[PDB]
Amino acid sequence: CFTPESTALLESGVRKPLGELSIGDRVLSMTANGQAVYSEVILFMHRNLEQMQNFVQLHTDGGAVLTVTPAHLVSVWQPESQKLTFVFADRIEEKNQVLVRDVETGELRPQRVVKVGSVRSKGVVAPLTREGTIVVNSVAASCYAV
């Protein structure tokens, strides 16, 4: 799950916080091969704005900050094997590479994690897109926490 203040990018340039994102909205998502696409939000697997929760906070070298629950699946680039995979947020370490939207090109490109923090805050949201993934605060993630 994500925090409700986290940002989705909608198809017509709109930004919406996850706590106000609605079914039917089309949001930026990443395909299994790493391409950016728009995908409709079709349901919420979880949506509780009052639920207190411990979150991992991943800060990237380019200034994206992803706040997700420990078992949330986050996209990771492995440069030695040149392969995209998913890793639990709680397993991600500094210097691991996540996939971040470049404002210059709109592509999702690898960026190093520069800080791993934690926070306890209120509200959890898990929108599901048709693609099964979502770009949140410019960082590519699964829709799923395990």
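Numbering starts at 1 and runs along the sequence shown.
Visitor: Could you settle it for me: does 75-83 or 103-111 have the higher average Cα B factor in the PDB entry?
Guide: Per the deposited B-factors, the answer is 75-83.
Visitor: Where do the C-alpha atoms have the higher mean temperature factor in this entry, in 116-124 or in 65-73?
Guide: Stretch with the greater average CA B-factor: 116-124.
Visitor: For the CA B factor values reported in this entry, which option in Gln57, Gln53, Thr31, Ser39 has the top one?
Guide: Largest recorded C-alpha B-factor: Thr31.
Visitor: Considering only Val146, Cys143, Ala8, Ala140, which residue's Cα atom bears the greatest B-factor as recorded?
Guide: Reading the PDB entry, the winner on C-alpha B-factor is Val146.
Visitor: Of the three thirds of its chain by CA temperature factor, lowest, middle or highest, which one includes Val14?
Guide: Highest third - that is where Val14 ends up once the chain's C-alpha B-factors are sorted.
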